[PDB]
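First comes the structure, then the notes that go with it.
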Protein chains: 2
Amino acid sequence: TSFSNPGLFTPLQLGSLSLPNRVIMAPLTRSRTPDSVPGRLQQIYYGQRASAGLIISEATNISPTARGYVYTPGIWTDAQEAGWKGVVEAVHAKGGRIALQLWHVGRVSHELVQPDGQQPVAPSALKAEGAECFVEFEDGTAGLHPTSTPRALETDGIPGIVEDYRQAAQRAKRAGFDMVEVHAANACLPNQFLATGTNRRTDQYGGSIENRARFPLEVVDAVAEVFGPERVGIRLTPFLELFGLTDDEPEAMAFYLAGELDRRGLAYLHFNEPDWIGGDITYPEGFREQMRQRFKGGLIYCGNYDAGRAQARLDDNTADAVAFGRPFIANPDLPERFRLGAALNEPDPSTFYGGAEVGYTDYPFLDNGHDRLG
Amino acid sequence: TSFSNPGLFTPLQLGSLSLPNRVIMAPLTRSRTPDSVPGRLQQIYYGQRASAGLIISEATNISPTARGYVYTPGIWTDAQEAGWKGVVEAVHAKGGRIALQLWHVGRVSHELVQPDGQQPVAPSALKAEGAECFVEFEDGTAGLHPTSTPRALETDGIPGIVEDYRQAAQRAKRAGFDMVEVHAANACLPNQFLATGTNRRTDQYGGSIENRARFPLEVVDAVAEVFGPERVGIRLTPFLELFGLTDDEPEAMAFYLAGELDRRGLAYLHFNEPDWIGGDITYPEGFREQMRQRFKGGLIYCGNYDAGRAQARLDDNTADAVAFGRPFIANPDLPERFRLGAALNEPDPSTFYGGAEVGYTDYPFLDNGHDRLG
Ligand SMILES: Cc1cc2nc3c(=O)[nH]c(=O)nc-3n(C[C@H](O)[C@H](O)[C@H](O)COP(=O)(O)O)c2cc1C
Ligand SMILES: Cc1cc2nc3c(=O)[nH]c(=O)nc-3n(C[C@H](O)[C@H](O)[C@H](O)COP(=O)(O)O)c2cc1C
């Protein structure tokens, strides 16, 4: 009697927050902020997509050291916090809910993008092979550049990183954000500690499942003290090998985190599927079922999802909601388009990063023949 | 430390429901449904205003006997319930939350609009002087018509009315509605029992404050069993003399209800101020403060409110949110207009009732210079 038959437009209680639908906007880096301060353009971009059951913001740098991509928003400065407040306010004025995703690129960075040409930090001094990051060269030009070799974080340095996360959450709550999502996927800093291939530490923050998750859980606890676990989420990518990251214990870690995070009572777990409509490996048969039983809170999945496959996960009772990235980039009113089964706008990869409003806020809404912009 | 400084765009926990902002859409009869079944036109109308922190639907007839205005929606038939589900789904697809307002006009009706020319019911057989209702005459024409003389409801007939309310709530919950609002204002059936001038009953449903509120509270309890008090609201108009209704104990009743409703843990109390920018009396000095102390749940006020006066009530800590009627009729994106301080569209009283899409879904949205309806 517990499990009903929810649909894409069935409201959902995600932690202590009420969502109008289950069509979530996945976190998407757009590099549309030359200065790390969100402005009116973001107010327009995010506002256009306020119909999302929940908007997960673009990854946002918790500090200068956490940056790996230029023109990305920050959240360690008053100017940035004020910039976000205008964005958060804009989303609310249109009926939406927004979560700020706390970002730290870890080893996926370069001295050029790093402040004062400082060396990128990470759990182990292992370079990310073939990995590239977005940097602005000395001649004012910007583009992809190979990631450099990071330095292993000193054991006594980890508490500082956690504090940076805590500080970001504190500015986020003060800015009016409904929730915060700890970015621990796509091979960023937190993910680097979790994966065996990237974590070779011999202190208490590496060596075993419990150690590799020690720092990530400290971050989670840190932000949950500010927002309360009911308003905190975390993104994960178990069997995902991205930016040269490899893992020998994907499942064992996913199961352990699920249990630790469920005990903490987190609002949700956001999974970015390793899948790809053109390659990649896939989740182990029975992985989704296990997560559902191990984590009682909200389960969000993302990756090459359409209306039909999304509903399937809802029916299988292996997901509570589904996030959409690219489709939400090209369709500000994606949820409505799914309700009417309307055709979707075609995403333009060329304008996913950098630039201004073109390929950002120029994707058209559906025309019902009644709405007027007079 | 409890009371912070909420703004019009500050999220609010209304019962167990999360609102994105505090700019509420007041319930507004539009008579845009020839048959009592909401259709696509309503999907468009309500969807255009999905940005509302919360949309309180147009008063909806809980039964044929409860009708006093033609072309008004019902909620006692499967066809109607299915019609509403499409509307509720449309609102959700755009990020909104909607509450169905349960309506019973009581003595404010006529045999012509009443099914099978039945005589309008009420607590006492007292006609509403000068009162008029919207009726469709035999020649297919429709217009204002004097209300007729009602018959006093038999004591054993009251349980049936309550059941009609319970049934309406049950179809409402099944249709996906986020909440239900018991209409007990503007001199409708529930209000008629509460007011001394309209309730002359000598049984247990009249004679004293406790008796006059007996039926109304039975209705509230009835619907709260379906939605849970956390998802139930009630509309009231204490010092309001409408449709020939008069009251000798406005305050005493408002205080008593406040206490009884607070004990029940209702999500909110929605007050439609007796005020009028052109006449009328006003709330007693210190009335708002009292309500705030007597009712700990959500307090919503409505009536000739603008952005500035609305914020004032929030600052005075005498309201948690403010509803807007006419302004929401002429401005589908009212909340956004208040954020930007943009000018508001001019309401057209001529098209408030009856008709189709003109004066209904043709009010333009703001043009930020970026949105496109391609
Ligand atoms: C341009 C672009 C920017 C992205 N930025 C982020 C980000 O900042 N954080 C993150 O966790 N994922 C990021 N992603 C991944 C998406 O959130 C998403 O998980 C992925 O696109 C798969 O879903 P989709 O098929 O619906 O797009 C990005 C993807 C694209 C295409
Ligand atoms: C055309 C019209 C229809 C209305 N219908 C309803 C209704 O069905 N139920 C109700 O409780 N109030 C109804 N009202 C009253 C409004 O909800 C509101 O309380 C009133 O308009 C005062 O607020 P305002 O100054 O923001 O318009 C209606 C008002 C107008 C103008």
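Identifiers in this document derive from the order of the structure tokens: chains are assigned A, B, ..., residues are numbered from 1 separately in each chain, and ligands are numbered from 1 in order of occurrence.
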
Could you make a table, as JSON lines, of the residues of range 78-180 of chain B that have an atom within 12 Å of an atom of range 5-15 of chain B, each with its nearest atom pair and distance in Å to one decimal, counting only C-alpha atoms, in chain and number order?
{"residue": "B:97", "atom": "CA", "partner": "B:14", "partner_atom": "CA", "distance": 11.1}
{"residue": "B:99", "atom": "CA", "partner": "B:14", "partner_atom": "CA", "distance": 11.7}
{"residue": "B:178", "atom": "CA", "partner": "B:15", "partner_atom": "CA", "distance": 10.9}
{"residue": "B:179", "atom": "CA", "partner": "B:15", "partner_atom": "CA", "distance": 9.5}
{"residue": "B:180", "atom": "CA", "partner": "B:15", "partner_atom": "CA", "distance": 11.7}

Just to be explicit: take each residue in the selection above, keep C-alpha atoms, and write the result as a CSV table (one decimal), in the first residue's frame.
chain,number,residue,atom,x,y,z
B,97,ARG,CA,0.5,23.7,-6.4
B,99,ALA,CA,-6.0,23.7,-3.8
B,178,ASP,CA,-2.2,19.3,-3.4
B,179,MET,CA,-4.8,20.7,-0.8
B,180,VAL,CA,-8.5,21.5,-0.3

Chain A contacts on chain B, only C-alpha atoms, 9 Å, as a PyMOL selection string = chain B and resi 8-11+13+16-21+23+44+48+50-54+89-97+176+178+333-339+357+361-368+370-374

Please run DSSP on the backbone and report, as a VMD selection string, all residues within range 47-110 of chain B that come out as helix (DSSP H, G or I).
-> chain B and resid 47 to 48 64 to 66 78 to 93

8 Å contact set for range 163-166 of chain A, only C-alpha atoms, chain neighbours under 4 positions out, as a list in words =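 The contact residues come out as residues 62, 63, 76, 102, 159, 170, 219, 222, 223 and 226 of chain A.
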
Any chance you could tabulate, as CSV, the residues of chain A at most 6 Å from ligand 1 with each one's nearest atom pair and distance in Å to one decimal, using only C-alpha atoms and all ligand atoms, in chain and rising number order?
residue,atom,partner,partner_atom_place_in_ligand_line,distance
A:26,CA,ligand 1,17 (O),4.5
A:27,CA,ligand 1,17 (O),4.5
A:28,CA,ligand 1,5 (N),3.3
A:29,CA,ligand 1,5 (N),3.7
A:30,CA,ligand 1,1 (C),6.0
A:58,CA,ligand 1,8 (O),4.6
A:59,CA,ligand 1,8 (O),3.8
A:272,CA,ligand 1,19 (O),4.9
A:302,CA,ligand 1,23 (O),5.1
A:303,CA,ligand 1,23 (O),3.5
A:304,CA,ligand 1,25 (O),3.3
A:305,CA,ligand 1,26 (O),5.6
A:324,CA,ligand 1,26 (O),3.7
A:325,CA,ligand 1,27 (O),3.6
A:326,CA,ligand 1,27 (O),3.9
A:352,CA,ligand 1,1 (C),4.6

Neighbour list for residue 250 in chain A as a VMD selection string, cut-off 6 Å, only C-alpha atoms, skip fewer than 2 positions in-chain | chain A and resid 238 to 239 247 252 to 253

Generate a file of the selected residues that holds C-alpha atoms, formatted as a PDB file, in the first residue's frame.
ATOM      1  CA  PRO A 238      29.528   4.430  -8.856  1.00  0.00           C
ATOM      2  CA  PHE A 239      30.549   2.430 -11.925  1.00  0.00           C
ATOM      3  CA  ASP A 247      37.503   1.924  -9.095  1.00  0.00           C
ATOM      4  CA  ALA A 252      30.836  -2.132  -2.107  1.00  0.00           C
ATOM      5  CA  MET A 253      31.195   1.633  -1.864  1.00  0.00           C
TER       6      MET A 253
END

Neighbours of range 126-136 of chain A within 12 Å (only C-alpha atoms; same-chain residues fewer than 5 positions away dropped), as JSON, numbers by chain?
-> {"A": [29, 30, 31, 34, 67, 68, 69, 70, 71, 72, 105, 106, 107, 108, 109, 110, 111, 112, 113, 114, 115, 119, 120, 121, 141, 142, 143, 144, 145, 146, 147, 148, 149, 150, 151, 152, 153, 186, 187, 188, 189, 192, 193, 196, 197, 198, 199, 200, 201, 241, 242, 243, 244, 245, 246, 353, 354]}

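On the backbone of this structure, DSSP gives strand (DSSP E or B) within range 55-175 of chain A to residues 55, 56, 57, 58, 59, 60, 61, 69, 74, 98, 99, 100, 101, 102, 103, 121, 122, 132, 133, 134, 135, 136, 142, 143, 144, 145, 146, 151 and 152 of chain A.
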